[PDB]
file target_6.txt (compact mmCIF, C-alpha atoms and all ligand atoms)
# COMPACT_ATOMS: atom_id res chain seq x y z
CA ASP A 9 -22.79 -15.13 8.90
CA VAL A 10 -19.22 -13.76 9.15
CA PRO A 11 -17.54 -14.42 12.55
CA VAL A 12 -16.12 -11.21 14.09
CA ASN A 13 -14.68 -10.34 17.54
CA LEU A 14 -15.32 -13.68 19.18
CA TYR A 15 -12.40 -12.67 21.39
CA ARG A 16 -11.50 -9.10 22.28
CA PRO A 17 -8.27 -7.69 23.76
CA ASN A 18 -9.74 -7.25 27.26
CA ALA A 19 -10.32 -11.05 27.36
CA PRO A 20 -8.35 -12.77 24.59
CA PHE A 21 -8.29 -16.46 23.75
CA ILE A 22 -5.26 -18.24 25.18
CA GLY A 23 -4.09 -20.53 22.39
CA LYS A 24 -1.09 -22.84 22.44
CA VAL A 25 1.64 -22.89 19.77
CA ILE A 26 1.69 -26.22 17.92
CA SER A 27 4.47 -25.50 15.45
CA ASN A 28 6.74 -22.73 14.25
CA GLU A 29 8.48 -23.45 10.95
CA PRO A 30 10.77 -21.36 8.76
CA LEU A 31 9.46 -20.28 5.35
CA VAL A 32 12.61 -18.51 4.17
CA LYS A 33 15.09 -21.04 2.79
CA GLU A 34 18.87 -20.80 3.10
CA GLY A 35 20.21 -17.84 1.09
CA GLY A 36 17.02 -15.81 1.65
CA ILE A 37 16.65 -12.33 3.17
CA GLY A 38 15.12 -12.12 6.63
CA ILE A 39 13.01 -14.48 8.71
CA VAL A 40 9.39 -15.39 7.96
CA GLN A 41 7.76 -18.11 10.00
CA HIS A 42 4.64 -20.26 9.58
CA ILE A 43 3.12 -20.49 13.06
CA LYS A 44 0.23 -22.79 13.87
CA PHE A 45 -1.89 -22.34 17.01
CA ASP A 46 -4.25 -24.72 18.82
CA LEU A 47 -7.81 -23.37 19.11
CA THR A 48 -9.31 -26.28 21.08
CA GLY A 49 -10.94 -25.25 24.36
CA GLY A 50 -12.34 -22.05 22.84
CA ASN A 51 -14.77 -21.12 20.09
CA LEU A 52 -12.60 -19.04 17.76
CA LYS A 53 -13.95 -19.60 14.25
CA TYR A 54 -12.88 -17.60 11.21
CA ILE A 55 -13.01 -17.45 7.43
CA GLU A 56 -10.50 -16.87 4.64
CA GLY A 57 -9.17 -13.30 4.26
CA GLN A 58 -9.71 -12.42 7.95
CA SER A 59 -7.08 -11.40 10.51
CA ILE A 60 -6.41 -12.10 14.18
CA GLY A 61 -4.66 -10.04 16.84
CA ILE A 62 -1.75 -11.29 18.91
CA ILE A 63 -0.91 -9.52 22.19
CA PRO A 64 2.82 -9.86 22.92
CA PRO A 65 4.05 -9.91 26.54
CA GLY A 66 5.92 -7.09 28.22
CA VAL A 67 5.64 -3.32 28.37
CA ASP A 68 6.58 -0.67 25.82
CA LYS A 69 9.26 2.00 26.39
CA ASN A 70 6.76 4.02 28.48
CA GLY A 71 5.96 1.08 30.80
CA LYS A 72 2.52 0.53 29.23
CA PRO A 73 1.23 -2.97 28.35
CA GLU A 74 1.85 -3.90 24.71
CA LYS A 75 -1.18 -3.70 22.44
CA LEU A 76 -2.28 -6.26 19.83
CA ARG A 77 -0.76 -6.42 16.38
CA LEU A 78 -2.96 -7.73 13.54
CA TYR A 79 -1.82 -10.62 11.34
CA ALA A 80 -3.68 -11.88 8.25
CA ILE A 81 -4.79 -15.46 8.81
CA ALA A 82 -2.69 -17.80 6.64
CA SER A 83 -4.87 -20.91 7.08
CA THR A 84 -8.32 -21.71 5.66
CA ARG A 85 -11.22 -21.86 8.10
CA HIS A 86 -10.41 -25.54 8.74
CA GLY A 87 -6.77 -24.96 9.60
CA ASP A 88 -3.74 -26.53 7.89
CA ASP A 89 -4.75 -30.07 8.96
CA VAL A 90 -8.37 -29.57 7.87
CA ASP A 91 -9.62 -30.51 11.35
CA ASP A 92 -11.17 -27.16 12.42
CA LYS A 93 -8.83 -27.17 15.44
CA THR A 94 -6.09 -24.69 14.48
CA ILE A 95 -5.12 -21.34 12.97
CA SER A 96 -1.90 -20.33 11.27
CA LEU A 97 -0.01 -17.11 10.72
CA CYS A 98 2.74 -16.05 8.34
CA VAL A 99 4.97 -13.71 10.34
CA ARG A 100 8.03 -11.76 9.18
CA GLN A 101 10.49 -10.63 11.86
CA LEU A 102 10.48 -6.84 11.56
CA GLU A 103 14.00 -5.41 11.57
CA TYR A 104 15.33 -2.01 10.59
CA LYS A 105 17.95 0.61 11.44
CA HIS A 106 18.82 4.15 12.49
CA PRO A 107 19.42 7.14 12.48
CA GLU A 108 18.33 6.35 15.39
CA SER A 109 19.06 5.31 18.96
CA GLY A 110 21.19 2.18 18.29
CA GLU A 111 21.81 -0.51 15.62
CA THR A 112 19.32 -3.10 14.28
CA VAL A 113 15.90 -2.61 15.90
CA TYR A 114 13.63 -5.68 16.23
CA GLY A 115 9.84 -5.37 16.12
CA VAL A 116 8.28 -6.43 19.43
CA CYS A 117 5.38 -8.67 18.42
CA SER A 118 7.03 -10.10 15.31
CA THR A 119 10.24 -11.08 17.13
CA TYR A 120 8.14 -12.65 19.88
CA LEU A 121 6.19 -14.62 17.28
CA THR A 122 9.08 -15.66 15.03
CA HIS A 123 10.99 -17.06 18.05
CA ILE A 124 8.05 -18.58 19.87
CA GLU A 125 8.41 -22.19 21.09
CA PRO A 126 5.79 -24.93 20.59
CA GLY A 127 3.80 -25.34 23.80
CA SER A 128 3.83 -21.59 24.56
CA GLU A 129 0.55 -19.87 25.36
CA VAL A 130 -0.37 -16.89 23.18
CA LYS A 131 -3.04 -14.19 23.57
CA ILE A 132 -5.21 -14.20 20.45
CA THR A 133 -8.05 -11.84 19.51
CA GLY A 134 -10.57 -11.65 16.68
CA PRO A 135 -11.16 -12.68 14.07
CA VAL A 136 -11.49 -9.30 12.35
CA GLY A 137 -11.99 -7.99 8.85
CA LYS A 138 -14.57 -8.04 6.10
CA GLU A 139 -12.51 -6.34 3.34
CA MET A 140 -10.60 -9.43 2.13
CA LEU A 141 -13.36 -12.03 1.89
CA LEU A 142 -13.44 -14.57 -0.93
CA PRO A 143 -16.62 -14.86 -2.98
CA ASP A 144 -18.77 -17.97 -2.56
CA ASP A 145 -19.18 -18.10 -6.34
CA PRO A 146 -17.11 -21.07 -7.59
CA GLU A 147 -17.01 -19.40 -11.03
CA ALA A 148 -15.40 -16.16 -9.82
CA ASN A 149 -12.02 -15.10 -11.11
CA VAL A 150 -9.53 -14.17 -8.43
CA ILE A 151 -6.49 -11.98 -9.07
CA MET A 152 -4.03 -12.01 -6.17
CA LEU A 153 -1.28 -9.40 -6.03
CA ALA A 154 0.99 -10.08 -3.08
CA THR A 155 4.40 -9.09 -1.77
CA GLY A 156 6.15 -10.89 1.11
CA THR A 157 3.77 -11.75 3.95
CA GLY A 158 0.92 -10.38 1.82
CA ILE A 159 0.88 -14.01 0.58
CA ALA A 160 -1.03 -14.88 3.81
CA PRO A 161 -4.66 -14.30 2.80
CA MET A 162 -3.82 -15.63 -0.71
CA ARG A 163 -2.78 -18.95 0.85
CA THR A 164 -6.20 -19.13 2.56
CA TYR A 165 -7.92 -18.65 -0.80
CA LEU A 166 -5.70 -21.01 -2.78
CA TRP A 167 -5.78 -23.80 -0.20
CA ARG A 168 -9.58 -23.63 -0.01
CA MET A 169 -9.74 -23.64 -3.83
CA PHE A 170 -7.14 -26.27 -4.59
CA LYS A 171 -6.10 -28.55 -1.69
CA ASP A 172 -7.49 -32.08 -2.04
CA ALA A 173 -8.59 -32.19 1.61
CA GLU A 174 -10.29 -28.79 1.32
CA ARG A 175 -12.22 -29.84 -1.80
CA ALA A 176 -13.35 -32.95 0.11
CA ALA A 177 -14.37 -30.86 3.15
CA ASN A 178 -16.17 -28.15 1.15
CA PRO A 179 -18.80 -29.80 -1.08
CA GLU A 180 -20.41 -26.42 -1.81
CA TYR A 181 -17.16 -24.83 -3.02
CA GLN A 182 -15.60 -26.63 -5.95
CA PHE A 183 -13.62 -23.89 -7.63
CA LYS A 184 -13.76 -23.76 -11.42
CA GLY A 185 -12.85 -20.12 -12.08
CA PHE A 186 -9.43 -18.70 -12.85
CA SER A 187 -6.96 -17.58 -10.19
CA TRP A 188 -3.76 -15.64 -10.83
CA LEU A 189 -1.16 -14.97 -8.21
CA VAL A 190 1.54 -12.41 -8.89
CA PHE A 191 3.97 -12.70 -5.98
CA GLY A 192 6.92 -10.35 -5.38
CA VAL A 193 9.78 -11.40 -3.06
CA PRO A 194 13.52 -10.60 -3.26
CA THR A 195 14.91 -14.14 -3.86
CA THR A 196 13.83 -17.68 -4.78
CA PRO A 197 14.49 -18.83 -1.21
CA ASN A 198 12.10 -16.01 -0.14
CA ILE A 199 9.22 -17.52 -2.19
CA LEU A 200 6.98 -18.36 0.74
CA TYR A 201 5.16 -21.69 0.24
CA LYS A 202 6.98 -22.13 -3.10
CA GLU A 203 6.63 -25.93 -3.27
CA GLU A 204 2.90 -25.90 -2.56
CA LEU A 205 2.14 -22.96 -4.89
CA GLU A 206 3.96 -24.81 -7.68
CA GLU A 207 2.14 -28.09 -6.88
CA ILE A 208 -1.17 -26.23 -7.23
CA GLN A 209 -0.20 -24.71 -10.60
CA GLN A 210 1.04 -28.10 -11.89
CA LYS A 211 -2.25 -29.79 -10.86
CA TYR A 212 -4.54 -26.97 -12.01
CA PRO A 213 -2.84 -25.36 -14.99
CA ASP A 214 -6.16 -24.08 -16.41
CA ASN A 215 -7.37 -22.67 -13.07
CA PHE A 216 -4.25 -21.24 -11.45
CA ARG A 217 -1.50 -19.07 -12.90
CA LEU A 218 1.60 -18.30 -10.83
CA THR A 219 3.82 -15.33 -11.72
CA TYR A 220 6.90 -14.33 -9.71
CA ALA A 221 8.66 -10.99 -9.42
CA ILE A 222 12.04 -11.82 -7.90
CA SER A 223 13.92 -8.57 -7.46
CA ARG A 224 17.45 -9.93 -6.86
CA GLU A 225 17.27 -12.43 -9.73
CA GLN A 226 15.28 -10.65 -12.44
CA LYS A 227 15.42 -7.30 -14.21
CA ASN A 228 12.49 -5.40 -15.69
CA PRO A 229 12.70 -4.18 -19.32
CA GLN A 230 14.13 -0.86 -18.08
CA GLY A 231 17.01 -2.72 -16.36
CA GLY A 232 15.68 -2.15 -12.84
CA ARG A 233 15.10 -4.97 -10.35
CA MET A 234 11.83 -6.84 -11.01
CA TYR A 235 8.91 -5.94 -8.72
CA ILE A 236 5.24 -6.86 -8.68
CA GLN A 237 4.37 -3.53 -10.38
CA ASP A 238 6.57 -4.55 -13.32
CA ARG A 239 4.75 -7.88 -13.75
CA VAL A 240 1.42 -6.07 -13.57
CA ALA A 241 2.65 -3.65 -16.30
CA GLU A 242 3.88 -6.61 -18.34
CA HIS A 243 0.41 -8.20 -18.11
CA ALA A 244 -1.66 -5.05 -17.86
CA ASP A 245 -3.98 -5.69 -20.84
CA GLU A 246 -4.72 -9.29 -19.76
CA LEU A 247 -5.33 -8.20 -16.17
CA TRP A 248 -7.62 -5.38 -17.32
CA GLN A 249 -9.49 -7.80 -19.55
CA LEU A 250 -10.04 -10.15 -16.60
CA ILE A 251 -11.02 -7.25 -14.34
CA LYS A 252 -13.82 -6.28 -16.78
CA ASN A 253 -15.63 -9.57 -15.96
CA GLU A 254 -18.55 -8.99 -13.55
CA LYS A 255 -17.35 -11.96 -11.45
CA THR A 256 -13.69 -11.01 -11.08
CA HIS A 257 -12.30 -9.99 -7.70
CA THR A 258 -8.86 -8.55 -7.10
CA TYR A 259 -6.87 -8.83 -3.86
CA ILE A 260 -3.81 -6.78 -2.93
CA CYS A 261 -1.82 -7.52 0.19
CA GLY A 262 1.56 -6.71 1.67
CA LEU A 263 3.61 -3.78 2.90
CA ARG A 264 2.37 -0.41 1.54
CA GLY A 265 3.77 1.01 -1.68
CA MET A 266 2.71 -1.36 -4.45
CA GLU A 267 -0.66 0.21 -5.28
CA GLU A 268 0.58 3.26 -7.19
CA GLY A 269 2.46 1.20 -9.80
CA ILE A 270 -0.41 -1.27 -10.13
CA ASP A 271 -2.82 1.64 -10.69
CA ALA A 272 -0.57 3.30 -13.28
CA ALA A 273 -0.40 0.02 -15.22
CA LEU A 274 -4.14 -0.68 -15.18
CA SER A 275 -4.88 3.01 -15.86
CA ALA A 276 -2.91 2.82 -19.11
CA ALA A 277 -4.72 -0.41 -20.12
CA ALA A 278 -8.25 0.86 -19.37
CA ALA A 279 -7.55 4.20 -21.09
CA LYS A 280 -7.17 2.33 -24.41
CA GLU A 281 -10.89 1.54 -24.27
CA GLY A 282 -11.87 5.00 -23.02
CA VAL A 283 -12.20 3.97 -19.36
CA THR A 284 -10.83 6.00 -16.45
CA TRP A 285 -9.39 3.32 -14.17
CA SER A 286 -9.59 5.41 -10.99
CA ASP A 287 -13.38 5.74 -11.52
CA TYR A 288 -13.94 2.12 -12.57
CA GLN A 289 -11.86 1.08 -9.54
CA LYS A 290 -13.97 3.26 -7.21
CA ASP A 291 -17.03 1.36 -8.47
CA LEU A 292 -15.26 -2.00 -8.00
CA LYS A 293 -14.37 -1.09 -4.39
CA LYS A 294 -17.96 -0.08 -3.72
CA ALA A 295 -19.17 -3.40 -5.17
CA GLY A 296 -16.78 -5.34 -2.91
CA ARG A 297 -14.63 -6.56 -5.80
CA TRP A 298 -11.43 -4.62 -5.18
CA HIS A 299 -9.87 -5.79 -1.95
CA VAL A 300 -6.83 -4.09 -0.44
CA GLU A 301 -4.91 -4.86 2.75
CA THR A 302 -1.58 -3.10 3.01
CA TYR A 303 0.36 -2.27 6.17
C1 LIG B 401 -4.43 -5.96 8.65
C2 LIG B 401 -2.97 -6.24 8.91
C3 LIG B 401 -2.45 -7.49 8.57
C4 LIG B 401 -1.11 -7.77 8.82
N1 LIG B 401 -0.62 -9.00 8.46
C5 LIG B 401 0.70 -9.31 8.68
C6 LIG B 401 1.19 -10.56 8.32
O1 LIG B 401 0.48 -11.42 7.81
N2 LIG B 401 2.52 -10.85 8.56
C7 LIG B 401 3.36 -9.94 9.14
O2 LIG B 401 4.54 -10.25 9.32
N3 LIG B 401 2.89 -8.68 9.49
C8 LIG B 401 1.55 -8.36 9.27
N4 LIG B 401 1.07 -7.12 9.62
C9 LIG B 401 1.97 -6.15 10.36
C10 LIG B 401 1.91 -6.47 11.86
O3 LIG B 401 0.63 -6.14 12.35
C11 LIG B 401 2.95 -5.70 12.69
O4 LIG B 401 2.79 -4.32 12.44
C12 LIG B 401 4.37 -6.15 12.34
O5 LIG B 401 4.50 -7.52 12.64
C13 LIG B 401 5.40 -5.37 13.15
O6 LIG B 401 4.97 -5.39 14.50
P1 LIG B 401 6.03 -5.47 15.71
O7 LIG B 401 5.30 -5.55 17.00
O8 LIG B 401 7.04 -6.55 15.50
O9 LIG B 401 6.82 -4.07 15.53
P2 LIG B 401 6.68 -2.84 16.58
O10 LIG B 401 7.50 -3.12 17.81
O11 LIG B 401 5.24 -2.56 16.83
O12 LIG B 401 7.36 -1.64 15.76
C14 LIG B 401 6.64 -1.01 14.73
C15 LIG B 401 7.24 0.38 14.59
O13 LIG B 401 8.54 0.29 14.05
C16 LIG B 401 8.80 1.42 13.23
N5 LIG B 401 9.16 0.90 11.91
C17 LIG B 401 8.56 -0.14 11.25
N6 LIG B 401 9.19 -0.33 10.07
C18 LIG B 401 10.20 0.56 9.99
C19 LIG B 401 11.15 0.79 9.01
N7 LIG B 401 11.31 -0.10 8.03
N8 LIG B 401 12.09 1.79 9.19
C20 LIG B 401 12.07 2.57 10.34
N9 LIG B 401 11.12 2.33 11.31
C21 LIG B 401 10.20 1.34 11.14
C22 LIG B 401 7.53 2.27 13.22
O14 LIG B 401 7.70 3.23 14.22
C23 LIG B 401 6.46 1.28 13.65
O15 LIG B 401 5.39 1.89 14.33
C24 LIG B 401 -0.27 -6.82 9.39
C25 LIG B 401 -0.79 -5.58 9.74
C26 LIG B 401 -2.13 -5.29 9.50
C27 LIG B 401 -2.65 -3.94 9.90
call {"tool": "encode", "arguments": {"input": "target_6.txt", "output": "structure tokens", "more": "lines below"}}
Ligand SMILES: Cc1cc2nc3c(=O)[nH]c(=O)nc-3n(C[C@H](O)[C@H](O)[C@H](O)COP(=O)(O)OP(=O)(O)OC[C@H]3O[C@@H](n4cnc5c(N)ncnc54)[C@H](O)[C@@H]3O)c2cc1C
result
Amino acid sequence: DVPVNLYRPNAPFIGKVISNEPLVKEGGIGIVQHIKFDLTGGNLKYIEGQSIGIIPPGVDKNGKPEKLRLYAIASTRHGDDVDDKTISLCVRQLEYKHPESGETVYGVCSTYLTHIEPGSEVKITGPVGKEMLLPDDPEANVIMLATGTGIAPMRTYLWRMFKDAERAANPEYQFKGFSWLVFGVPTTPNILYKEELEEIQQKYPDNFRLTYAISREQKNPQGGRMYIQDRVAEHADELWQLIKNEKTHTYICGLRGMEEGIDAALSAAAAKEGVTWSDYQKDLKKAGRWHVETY
């Protein structure tokens, strides 16, 4: 029974910030924060792959109240402390330029979130989303293709699969399939949750594969900067082979633009066996096994 819209924007849950910690290490590009919120005093429950809304304070340029922005939940259903009391987000401060009006422009909700102080009250809505749900089958294979904050739902899956405290809390979900995260960020300091992702791979080398595309540190075979599409091309046959399994699910998450390259790579692999990827993919989407969340 998937929880949905336990809180709506006309009457959101007022949560309290517990912590706000930086995920981008020194020498990284930009600001991405792990923000944990207290859910006690309300009934907001959620599952892995879902999102919540945050309503920032203030009015827009037209004097109208700011509307919610959606953020993929970055914590498992139990929260980071496995106490069912919290929810966490993985929020990048949006910044861009020109041509324009002024200089650097800062996104309203993301700046609010990335600078929020512990103790602050936050308007939270949701949860929402049924497109990024993890299968209950402990034998499923799970391919995770993420860039930047697209890591968020992947963390919910991986923590539930691989954290000691999660395994203890979830007797009915003892993961024994194969998971493969291909994660594209510009620098090593930008590898969000690097230490924990690497701890998982070290502990579960037969159940979790971790592949990085680090654009400022790595070049693809054509001499271009390395992106997630390049790693998918590099492993296209293996990925296609995994995708052919009736129990394999694929998840794609992050800023828009990565899908075309991923499709081209898998299209070339499937074509070798006389399969039209775009058609096979349509069928996968219909079966709930091809999960995309780009923004
Ligand atoms: C399902 C879903 C899940 C999401 N999950 C996350 C997440 O986990 N983490 C996260 O950080 N974000 C996530 N987002 C994006 C998030 O919802 C916000 O859109 C983002 O944080 C920016 O909102 P803001 O209020 O800071 O910017 P706003 O003040 O709302 O400004 C956004 C506007 O800025 C302009 N703009 C944006 N980018 C550029 C650009 N590069 N160049 C020129 N103009 C630009 C556009 O006009 C855009 O409408 C998710 C979005 C969706 C839909």
call {"tool": "closest_residue", "arguments": {"input": "target_6.txt", "among": "A:198, A:118, A:128, A:13", "to": "ligand LIG 401 (chain B)", "atoms": "all atoms listed in the file"}}
result
A:118
call {"tool": "residues_near_ligand", "arguments": {"input": "target_6.txt", "ligand": "ligand LIG 401 (chain B)", "cutoff": "8 Å", "atoms": "all atoms listed in the file", "output": "count of residues only"}}
result
38
call {"tool": "residues_around", "arguments": {"input": "target_6.txt", "residues": "residue 27 (chain A)", "least_positions_apart": "3", "cutoff": "9 Å", "atoms": "only C-alpha atoms", "output": "JSON, numbers by chain"}}
result
{"A": [42, 43, 44, 45, 124, 125, 126, 127]}
call {"tool": "residues_around", "arguments": {"input": "target_6.txt", "residues": "residue 271 (chain A)", "least_positions_apart": "6", "cutoff": "9 Å", "atoms": "all atoms listed in the file", "output": "list in words"}}
result
residues 237, 285 and 286 of chain A
call {"tool": "residues_around", "arguments": {"input": "target_6.txt", "residues": "residue 199 (chain A)", "least_positions_apart": "6", "cutoff": "9 Å", "atoms": "all atoms listed in the file", "output": "list in words"}}
result
residues 31, 32, 33, 36, 156, 191, 192, 193, 220 and 222 of chain A
call {"tool": "closest_residue", "arguments": {"input": "target_6.txt", "among": "A:284, A:35, A:46, A:30", "to": "residue 224 (chain A)", "atoms": "only C-alpha atoms"}}
result
A:35
call {"tool": "residues_near_point", "arguments": {"input": "target_6.txt", "point": "(-13.4, -21.8, 9.6)", "cutoff": "8 Å", "atoms": "only C-alpha atoms", "output": "list in words"}}
result
residues 53, 54, 55, 56, 84, 85, 86, 87 and 92 of chain A
call {"tool": "write_last_selection", "arguments": {"input": "target_6.txt", "atoms": "C-alpha atoms", "output": "PDB file, in the coordinates of the input"}}
result
ATOM      1  CA  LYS A  53     -13.950 -19.600  14.250  1.00  0.00           C
ATOM      2  CA  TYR A  54     -12.880 -17.600  11.210  1.00  0.00           C
ATOM      3  CA  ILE A  55     -13.010 -17.450   7.430  1.00  0.00           C
ATOM      4  CA  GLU A  56     -10.500 -16.870   4.640  1.00  0.00           C
ATOM      5  CA  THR A  84      -8.320 -21.710   5.660  1.00  0.00           C
ATOM      6  CA  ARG A  85     -11.220 -21.860   8.100  1.00  0.00           C
ATOM      7  CA  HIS A  86     -10.410 -25.540   8.740  1.00  0.00           C
ATOM      8  CA  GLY A  87      -6.770 -24.960   9.600  1.00  0.00           C
ATOM      9  CA  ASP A  92     -11.170 -27.160  12.420  1.00  0.00           C
TER      10      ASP A  92
END
call {"tool": "closest_residue", "arguments": {"input": "target_6.txt", "among": "A:270, A:218, A:240, A:63", "to": "residue 129 (chain A)", "atoms": "only C-alpha atoms"}}
result
A:63
call {"tool": "atom_distance", "arguments": {"input": "target_6.txt", "atom1": "CA of residue 173 (chain A)", "atom2": "CA of residue 148 (chain A)"}}
result
20.8 Å
call {"tool": "decode", "arguments": {"input": "target_6.txt", "residues": "region 163-175 of chain A", "atoms": "N, CA and C atoms", "output": "PDB file, in the first residue's frame"}}
result
ATOM      1  N   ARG A 163      20.545   6.163  -3.363  1.00  0.00           N
ATOM      2  CA  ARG A 163      20.971   6.007  -1.962  1.00  0.00           C
ATOM      3  C   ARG A 163      19.875   5.281  -1.170  1.00  0.00           C
ATOM      4  N   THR A 164      18.610   5.588  -1.458  1.00  0.00           N
ATOM      5  CA  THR A 164      17.504   4.932  -0.740  1.00  0.00           C
ATOM      6  C   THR A 164      17.518   3.427  -1.042  1.00  0.00           C
ATOM      7  N   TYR A 165      17.818   3.073  -2.289  1.00  0.00           N
ATOM      8  CA  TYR A 165      17.821   1.666  -2.668  1.00  0.00           C
ATOM      9  C   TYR A 165      18.999   0.958  -2.009  1.00  0.00           C
ATOM     10  N   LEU A 166      20.185   1.535  -2.185  1.00  0.00           N
ATOM     11  CA  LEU A 166      21.426   0.939  -1.723  1.00  0.00           C
ATOM     12  C   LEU A 166      21.494   0.800  -0.211  1.00  0.00           C
ATOM     13  N   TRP A 167      21.001   1.806   0.509  1.00  0.00           N
ATOM     14  CA  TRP A 167      20.983   1.740   1.962  1.00  0.00           C
ATOM     15  C   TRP A 167      20.072   0.624   2.399  1.00  0.00           C
ATOM     16  N   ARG A 168      18.870   0.559   1.821  1.00  0.00           N
ATOM     17  CA  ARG A 168      17.922  -0.512   2.164  1.00  0.00           C
ATOM     18  C   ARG A 168      18.512  -1.896   1.845  1.00  0.00           C
ATOM     19  N   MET A 169      19.235  -1.995   0.735  1.00  0.00           N
ATOM     20  CA  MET A 169      19.846  -3.255   0.332  1.00  0.00           C
ATOM     21  C   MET A 169      21.010  -3.647   1.223  1.00  0.00           C
ATOM     22  N   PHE A 170      21.841  -2.673   1.604  1.00  0.00           N
ATOM     23  CA  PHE A 170      23.189  -2.994   2.069  1.00  0.00           C
ATOM     24  C   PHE A 170      23.618  -2.497   3.453  1.00  0.00           C
ATOM     25  N   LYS A 171      22.866  -1.581   4.066  1.00  0.00           N
ATOM     26  CA  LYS A 171      23.246  -1.090   5.401  1.00  0.00           C
ATOM     27  C   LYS A 171      22.916  -2.147   6.435  1.00  0.00           C
ATOM     28  N   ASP A 172      23.851  -2.394   7.352  1.00  0.00           N
ATOM     29  CA  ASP A 172      23.639  -3.401   8.397  1.00  0.00           C
ATOM     30  C   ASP A 172      22.317  -3.178   9.113  1.00  0.00           C
ATOM     31  N   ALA A 173      22.078  -1.942   9.549  1.00  0.00           N
ATOM     32  CA  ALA A 173      20.883  -1.627  10.344  1.00  0.00           C
ATOM     33  C   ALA A 173      19.594  -1.787   9.551  1.00  0.00           C
ATOM     34  N   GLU A 174      19.669  -1.536   8.246  1.00  0.00           N
ATOM     35  CA  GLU A 174      18.522  -1.773   7.362  1.00  0.00           C
ATOM     36  C   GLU A 174      18.222  -3.273   7.261  1.00  0.00           C
ATOM     37  N   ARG A 175      19.256  -4.062   6.977  1.00  0.00           N
ATOM     38  CA  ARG A 175      19.095  -5.517   6.895  1.00  0.00           C
ATOM     39  C   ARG A 175      18.476  -6.072   8.167  1.00  0.00           C
TER      40      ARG A 175
END
